[PDB]
Amino acid sequence: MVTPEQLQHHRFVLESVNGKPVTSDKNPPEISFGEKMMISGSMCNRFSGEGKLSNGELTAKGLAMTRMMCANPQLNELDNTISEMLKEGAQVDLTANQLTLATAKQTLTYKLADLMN
């Protein structure tokens, strides 16, 4: 079962959207977590919010974001996906070393590229 502790010290990098990979020079839409299961992430417009983990469901008790753009459309739309998923309760299938989501919105797949080989 997914647990909170196995997340609060382990970043993940966006590896594949449902629709395509992502390639972002050296600044990918990675995501990180920390104490209280809190969330900081960067689809394009930045986000943050008070995460939770108790059964496999990542809800944000308060998201917040900016109004940026990123010169590709994908990254700038991907913000609304994460916003939706974290409102509704993103079903978190973190396996051995790959994060998978699958919510009403879409699926998203991230890597434990945790800077610890």
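Remarks
- Using the Cβ of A60 as centre and a radius below 9 Å, the other residues enclosed give a net charge of +2, where K and R count +1 and D and E count -1.
- Hypothetical label at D25: residues of the range 56-79 whose amide nitrogen lies under 14 Å (7 Å Cα-Cβ projection): 69-72
- Whole-Å distance, taken between Cα centres, linking the range 74-115 and the range 1-62: 7 Å
- Taking 0.36 nm per residue of sequence separation and removing the Cα-Cα distance, the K36/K61 pair yields an extension gain of 7.9 nm.
- Using C-alpha pairs below 8 Å separated by at least 6 residues, the relative contact order for the chain is 26 percent.
- Rounded to whole numbers, the Karplus 3J(HN,Hα) couplings from phi for the range 109-117 are 10, 10, 10, 6, 7, 7, 6, 10, 5 Hz, using 6.51 cos²θ - 1.76 cosθ + 1.60 with θ = phi - 60°, and x at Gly and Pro.
- J(HN,Hα) series, the range 18-25, from Karplus relation 6.51 cos²θ - 1.76 cosθ + 1.60, nearest Hz, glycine and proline x: 2, x, 7, x, 10, 9, 9, 6
Every number here is computed from the coordinates shown, using simple stated rules; none is lab data. Note: ideal-geometry Cβ built from the backbone for every residue, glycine included; neighbour counts use all protein chains shown.
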